[PDB]
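Heavy atoms only: backbone and side chains are in, while hydrogens, waters and symmetry mates are out. For this chain, numbers begin at 1 and follow the sequence in order.
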Amino acid sequence: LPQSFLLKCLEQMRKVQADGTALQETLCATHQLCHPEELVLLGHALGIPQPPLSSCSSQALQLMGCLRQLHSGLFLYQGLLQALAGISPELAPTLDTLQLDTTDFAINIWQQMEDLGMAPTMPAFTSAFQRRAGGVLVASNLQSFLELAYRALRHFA
């Protein structure tokens, strides 16, 4: 991939990671939601999908496949962030930024697929406790997801 795409991906993913850590440190301080490791069953109950990056895994590494999963996964996360609907007033600015920065990264992934000619159901959280635990889950899912796509992308070089 061109170095400028890798360099732009690095800058964009580290901002979405910083954004996610901000959401996570507020809801832990504020509502004791600090161990996303515990919320797994509840995520499962809530219906919070978890994007596969299989084609970005060594035994299945394929540039088109990895990029297309990466993007479809980012797109999903876009919906998930839309569905949290700010979580609570105190948190809606941090969600807004995270939403802006995840959308910028997904436009970049898609733009690149087009340059290469290889282009191309949402949870209901109705209580505030659902949006608060959904917010900590999605934020740490997104983080690991990105760390995965990056090691894959860096090796496609």
Note to self: I want to check something: taking the side chain as every heavy atom from C-beta on, are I48 and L42 in contact at a cut-off of under 4.5 Å?
What the structure shows: no
Next item on the list: Quick one: pull up CG in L39 and NE2 in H35 and give me the separation to the nearest 0.5 Å.
Entry: 11.0 Å
Notebook entry, point to check: Taking all non-hydrogen atoms of both residues, which atom of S140 and which atom of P36 are closest, and how far apart?
Noted result: OG-CB, 3.6 Å
Note to self: Measuring from atom CZ of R14 to atom CG of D101, what distance do you get when rounded to the nearest 0.5 angstrom?
What the structure shows: 14.0 Å
Next item on the list: Taking all heavy atoms of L95 and all of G86, pick out the closest pair and write down the distance.
Entry: CD1-N, 3.9 Å
Checklist line | Verdict with supporting geometry, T103 and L74, side chain to side chain contact (heavy atoms under 4.5 Å, CB included) | finding: CA-CA 8 Å; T103 301; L74 251 3; over 6 Å; no
Margin query: Suppose the criterion is salt bridge (charged side-chain N to carboxylate O under 4.0 Å, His left out): which pairs have a residue in residues 124-133, not counting sequence neighbours?
Written below: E90-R132
Next item on the list: Decide yes or no for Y150 and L146: does some side-chain heavy atom of the first lie under 4.5 Å from some side-chain heavy atom of the second?
Entry: no
Check: When you check the side-chain N and O atoms of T102 and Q12, is any donor under 3.5 Å from an acceptor?
Finding: no
Next item on the list: Find out whether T21 and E25 are in side-chain contact, i.e. whether some heavy atom of one side chain is under 4.5 Å from a heavy atom of the other.
Entry: yes
Notebook entry, point to check: Can you tell me how far the OG atom of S144 sits from the CG atom of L53, to the nearest 0.5 Å?
Noted result: 10.5 Å
Notebook entry, point to check: Do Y77 and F75 belong to the same hydrophobic cluster, where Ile, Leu, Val, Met, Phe, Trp and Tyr are linked whenever their side-chain heavy atoms lie under 4.5 Å apart, directly or via other members?
Noted result: no
Notebook entry, point to check: Quick one: does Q69's side chain have a donor or acceptor within less than 3.5 Å of a partner on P52's backbone?
Noted result: yes
Notebook entry, point to check: At what distance, to the nearest 0.5 angstrom, does CG of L148 lie from CD of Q143?
Noted result: 13.5 Å
Check: Are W110 and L70 close enough, and set up right, to give a side chain to side chain contact (heavy atoms under 4.5 Å, CB included), and what steps lead you there?
Finding: CA-CA 9 Å; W110 156 75; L70 179 45; over 6 Å; no
Next item on the list: Measure the shortest side-chain to side-chain distance between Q82 and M122 over non-hydrogen atoms and say whether it is less than 4.5 angstrom.
Entry: no
Checklist line | Shortest non-hydrogen separation from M118 to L67 and the atoms involved | finding: CE-CD1, 3.5 Å
Checklist line | Closest heavy-atom pair and its distance - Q112, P2 | finding: OE1-CD, 3.5 Å
Check: With a 4.5 Å limit on heavy-atom distance, are the side chains of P120 and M113 in contact?
Finding: no
Margin query: Using modelled atom types and a 3.5 Å cut-off, is there a donor and acceptor pairing between side-chain atoms of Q99 and backbone atoms of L81?
Written below: no
Check: Checking side chain to side chain contact (heavy atoms under 4.5 Å, CB included) for the pair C9/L1: CA distance, chi angles, key distance, verdict?
Finding: CA-CA 11 Å; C9 282; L1 274 312; over 6 Å; no
Next item on the list: Please name the pair of heavy atoms, one in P49 and one in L80, separated by the smallest distance, quoted to 0.1 Å.
Entry: CD-CD1, 4.1 Å
Check: Hey, mind stepping through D104 and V16 against side chain to side chain contact (heavy atoms under 4.5 Å, CB included) and telling me if it holds?
Finding: CA-CA 10 Å; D104 207 9; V16 186; over 6 Å; no
Next item on the list: Would you check if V136 and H31 make a side-chain contact, meaning some heavy-atom pair closer than 4.5 Å?
Entry: no
Check: Out of curiosity, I109 CD1 to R68 CZ, how far, rounded to the nearest 0.5 Å?
Finding: 14.0 Å
Notebook entry, point to check: Do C66 and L153 come within less than 4.5 Å of each other through their side chains, counting heavy atoms only?
Noted result: yes
Next item on the list: Might you point out which heavy atoms bring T94 and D19 nearest each other, and give the distance in Å?
Entry: CG2-O, 4.1 Å
Checklist line | Side-chain touch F125/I87, heavy atoms, less than 4.5 angstrom | finding: no
Check: Are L100 and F105 connected in a single hydrophobic cluster, I mean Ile/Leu/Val/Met/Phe/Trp/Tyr linked by side-chain heavy atoms less than 4.5 Å apart?
Finding: no
Check: How long is the span from the CZ atom in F129 to the OG atom in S88, to the nearest 0.5 Å?
Finding: 13.0 Å
